[PDB]
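Just below is one structure, and these are the notes that go with it.
A short reminder: the numbers here are calculations on the coordinates, not readings from a lab. Don't worry about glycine lacking a Cβ; one is built from the backbone with ideal geometry, like all the others, and counts go over all protein chains shown.
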Amino acid sequence: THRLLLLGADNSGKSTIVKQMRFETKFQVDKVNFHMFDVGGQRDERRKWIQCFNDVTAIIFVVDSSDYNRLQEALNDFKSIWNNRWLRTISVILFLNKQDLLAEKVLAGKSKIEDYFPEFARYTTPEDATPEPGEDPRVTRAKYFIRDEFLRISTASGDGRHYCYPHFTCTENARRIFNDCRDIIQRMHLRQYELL
Amino acid sequence: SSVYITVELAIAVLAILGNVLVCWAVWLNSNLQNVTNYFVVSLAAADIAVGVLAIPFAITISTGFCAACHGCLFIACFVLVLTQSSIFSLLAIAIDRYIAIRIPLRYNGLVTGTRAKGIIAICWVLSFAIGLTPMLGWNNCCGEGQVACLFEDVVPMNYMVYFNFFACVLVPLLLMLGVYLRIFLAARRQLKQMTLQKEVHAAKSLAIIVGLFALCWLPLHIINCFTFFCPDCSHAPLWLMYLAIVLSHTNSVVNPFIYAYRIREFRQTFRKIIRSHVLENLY
Ligand SMILES: Nc1nc2c(ncn2[C@@H]2O[C@H](COP(=O)(O)OP(=O)(O)O)[C@@H](O)[C@H]2O)c(=O)[nH]1
Ligand SMILES: CCNC(=O)[C@H]1O[C@@H](n2cnc3c(N)ncnc32)[C@H](O)[C@@H]1O
Ligand SMILES: CCCCCCCCS[C@@H]1O[C@H](CO)[C@@H](O)[C@H](O)[C@H]1O
Ligand SMILES: CCCCCCCCS[C@@H]1O[C@H](CO)[C@@H](O)[C@H](O)[C@H]1O
C-alpha cells in the first residue's frame, strides 16, 4: 500500500481534491492501494504528522494558482518542503489548482500579475508548452509562469534524488497521482541500474 | 590440448574469485541484503558451482578417458545441469527487472522474499529435470563395457538441438532481449521527461548484457545445430570446439561484472574489501 502526504494552503482546494477522490484517505486505483494524509498550510498540524511516517512514497502539494498574493506564501512553503531534512529525498506531485478561476481572473484584467511578480513582464510562454484548443495565449502564459515559479525552486537544489511533477487542475486526479507514483518508483529502479 | 586445459582452468579460478567476491559483498554490506539481490546471489552461487564442479568435469570429458557409458553420461549431464542453472538464474534477474519496470507499484507486494525463493528453486528444479533427461534413456549408450568418455558420444545431438538449445538458450535469449528492450524504452521515456548522449549510454549498457550472453552461448550451440543438421559435413575442428566450449564458460566470469559491477553499492563495497585486506598485511 502506497503512502501519500497531502499538503497546501487554506482555500487551496486541497480538501476538494480529497473529496472528489472519495484527514486520512485510502483510495483504490488499478488495484493498487493508496493511503493519503492531510497535514498542511504551514499554520499548524504539519510538523507533528510530518515527522511521523517516513516511508511516504510521495508528497502531493496543492496550490491555488488564482490567488496571486498567497502564491508567494505557497512558494515559501514549497521551498521549505523542498529543502526539509526529513523530506530531502521525497518527490513532490504538484497540483496547480483552480485553473478555471485563474482563466476568469486573467481574462477579466483587473489584477495584473506583474504587480505581484514584476519579472513576469520579461517572461514569454515556453516553446515546449502545449496549450489546449481554445486557450487564450494570455491565460496560457500566466499559467505556465506560475508553474515555472514553482519549478525554479525544484531545480535550485538540483541533486536529482527527487523531482517535482506539475499538473494543471480545474476530472481525473487519481490517475495523475497514480501515474506520478508509478514514474517515481520506476525511476528509482532505473536509477538502481544506473540506466538514468 | 594443453592450451584448452589451462585456459579452461584460468576461467574456473576467475569464476570462483569474482563470484565469491560478489557473494562476500552481500554478506558484509547491509544495504545489499534485500530481495532483489537474492537473484544476484543465486546467479553468483551457480557460477561458483560452474567454476568448482562443472569446468573440472568438462575437462575430463575432453580427454576421452575410459569409463562406463552411463558413468560418462552422468558427468556430461552434471555439466549441463550446472550451466543451465547459471542461465536460468540469469533469466530470473531479467524477469525481476521486468516486473520492476512494468508493474512498479505492486513490485514489493508481488516480489516477496519467500516467493523469490520459489522462483530460485524452480530455476534449479528445471535445471535438474532438463540436464538429467538423457539419464532417463534419451542417450547414445578400455576394458569390455567401457568407452572413450566424450560429450558428443554419450549426449545425443537431437536432445541438444531440439530440447536443450531451444529451452535453455534460445528461449531465454529471446525473453531477455524482449525484456531488456522494454526496460530501455521505459528509460528513454523518463529521460525525455527530464541529452541523447544519456539515451545512447543506456542503450549501450543493455546491448552489452544481451550481446555478451549471445556472444558466450550461441557459438557452441550454433555449431551443435550445424553438426546435427549436416551429418555429411566434416565435423567442426577440435580447436573450434575448445574455443566455443571455453566461450560458453566465460559467461560465468563476465556475469559477476556486468550484473554486480553495474551497482554503485557493489562497486564501493569492493573497494572497502580489497583496501581493508591490504591495510591488514601492512600494519
Ligand atoms: N472553481 C474551483 N473552485 C475550487 C476548486 N477547489 C476548491 N475550490 C473552492 O474553494 C473552496 C475551498 O476549498 P477547500 O477544498 O475546502 O480548501 P482547503 O480546505 O484549503 O482544501 C470551496 O468552497 C470550493 O468551492 C477548483 O479546483 N475549482
Ligand atoms: C545448457 C547448455 N550447456 C552447455 O552448452 C555446456 O555443455 C557442454 N557442451 C554442450 N555441447 C557440447 C559439445 N558439442 N561438446 C562438448 N561440450 C558441450 C559445454 O561444456 C557447455 O558449457
Ligand atoms: C504466506 C503463506 C506461505 C505458505 C507456504 C507456501 C508454500 C510454498 S513454500 C516455498 O516452496 C518452494 C518450492 O517451490 C521452496 O523452494 C521455498 O523454500 C518455500 O518457501
Ligand atoms: C563484480 C565482478 C568483479 C569483481 C572484481 C572487482 C575488481 C574491482 S577493484 C576496485 O573496483 C572499484 C569499484 O568496485 C573501483 O572504483 C576501483 O578502481 C578498484 O579498486
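I need the helices (runs of 4 or more DSSP H) fully contained in the range B:218-283, keeping only those with at least 1 residues that are under 21 Å from B:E152 (Cα atoms) and under 25 Å from the mean Cα position of the chain (by Cα).
The helices (runs of 4 or more DSSP H) meeting that bar are B:238-249.
Please specify each residue of the range A:147-174 satisfying the condition of being in contact with a strand residue (DSSP E or B) (Cβ under 6 Å, 6 or more places away or on another chain) and aliphatic (A, V, I, L, M).
A:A174
Restricting attention to the range A:141-155, and to residues there that are out of contact with any helix residue (DSSP H, G or I) (no Cβ under 8 Å at 6 or more places or on another chain) and more than 13 Å from chain B (Cβ to nearest Cβ), which single residue is farthest from A:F78 (Cα to Cα)?
Across the range A:141-155, the extreme among qualifying residues is A:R141.
Taking only the range A:165-182 into account, find how many residues are part of a helix (DSSP H, G or I) and more than 7 Å from chain B (Cβ to nearest Cβ).
Residues flagged as part of a helix (DSSP H, G or I) and more than 7 Å from chain B (Cβ to nearest Cβ) within the range A:165-182 amount to 8.
Would you please name the residue that is surrounded by the most Cβ atoms within 10 Å (Cβ to Cβ), looking only at residues in the range B:100-117 that are of a type outside the set (S, T, Y) and more than 14 Å from chain A (Cβ to nearest Cβ)?
B:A116
Scan the range B:247-272 and report the pairs whose first residue is within 21 Å of B:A46 (Cβ to Cβ) and within 14 Å of chain A (Cβ to nearest Cβ) and whose second residue is hydroxyl-bearing (S, T, Y) and not in a helix (DSSP H, G or I), with Cβ atoms within less than 9 Å and a gap of 6+ or a chain change.
From residues that are within 21 Å of B:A46 (Cβ to Cβ) and within 14 Å of chain A (Cβ to nearest Cβ), the pairs are B:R262/A:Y193; B:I263/A:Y193.
Sort through B:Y162, B:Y107, B:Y180 and tell me the only one that's among the hydroxyl-bearing types (S, T, Y) and within 16 Å of ligand 2 (Cβ to nearest atom). If you could, list the steps in order and put the result at the bottom.
Working: B:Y107 fails: within 16 Å of ligand 2 (Cβ to nearest atom); B:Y180 fails: within 16 Å of ligand 2 (Cβ to nearest atom).
Only one candidate qualifies: B:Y162.
Look at B:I258 and say whether it is surrounded by 20 or more Cβ atoms within 10 Å (Cβ to Cβ), in contact with a helix residue (DSSP H, G or I) (Cβ under 8 Å, 6 or more places away or on another chain) and not charged (D, E, K, R).
Numbers: surrounded by 20 or more Cβ atoms within 10 Å (Cβ to Cβ): no; in contact with a helix residue (DSSP H, G or I) (Cβ under 8 Å, 6 or more places away or on another chain): yes; not charged (D, E, K, R): yes.
For B:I258, the condition - surrounded by 20 or more Cβ atoms within 10 Å (Cβ to Cβ), in contact with a helix residue (DSSP H, G or I) (Cβ under 8 Å, 6 or more places away or on another chain) and not charged (D, E, K, R) - is not met.
Take the residues of the range B:137-189 that are within 14 Å of another protein chain (Cβ to nearest Cβ) and surrounded by fewer than 18 Cβ atoms within 10 Å (Cβ to Cβ): which is farthest from the chain's Cα centre (by Cα)?
First pass over the range B:137-189, keeping only residues within 14 Å of another protein chain (Cβ to nearest Cβ): B:179-189.
In the following step, the residues that additionally are surrounded by fewer than 18 Cβ atoms within 10 Å (Cβ to Cβ) were identified as B:181-182, B:185, B:188-189.
On the way: B:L181: 20, B:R182: 22, B:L185: 25, B:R188: 28, B:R189: 31 Å.
Filtering first and then ranking leaves B:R189.
What are the pairs with Cβ atoms under 6 angstrom where one residue, in the range B:204-232, is more than 16 Å from ligand 1 (Cβ to nearest atom) and the other, located anywhere, is outside any helix (DSSP H, G or I)? Sequence gap at least six, or different chains.
Final answer for the pair search is B:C216/B:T250; B:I223/B:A236.
Conditions: (1) in contact with a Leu (Cβ under 6 Å, 6 or more places away or on another chain); (2) more than 14 Å from every other protein chain (Cβ to nearest Cβ). A:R138 meets all but one. Number of the miss?
(1)
From (1) surrounded by 20 or more Cβ atoms within 10 Å (Cβ to Cβ); (2) away from ligand 4 (no atom under 16 Å from the Cβ); (3) within 14 Å of chain A (Cβ to nearest Cβ); (4) farther than 18 Å from B:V171 by Cβ, pick out the condition that doesn't hold for B:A94.
Condition (4) is where B:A94 drops out.
Taking B:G64 as the residue in question, decide whether it is touching a strand residue (DSSP E or B) at 6+ places or on another chain (Cβ under 9 Å) and within 14 Å of chain A (Cβ to nearest Cβ). Working first, answer last.
Details: touching a strand residue (DSSP E or B) at 6+ places or on another chain (Cβ under 9 Å): yes; within 14 Å of chain A (Cβ to nearest Cβ): no.
No; evaluated as a whole, the condition is false for this residue.
Within the range B:144-164, is even one residue in a helix (DSSP H, G or I) and touching a strand residue (DSSP E or B) at 6+ places or on another chain (Cβ under 7 Å)?
In the first step, residues of the range B:144-164 are kept if they are in a helix (DSSP H, G or I); the result is B:151-154, B:157-164.
Among the residues that remain, those that are also touching a strand residue (DSSP E or B) at 6+ places or on another chain (Cβ under 7 Å) are: B:153.
Looking through the range B:144-164, at least one residue is in a helix (DSSP H, G or I) and touching a strand residue (DSSP E or B) at 6+ places or on another chain (Cβ under 7 Å).
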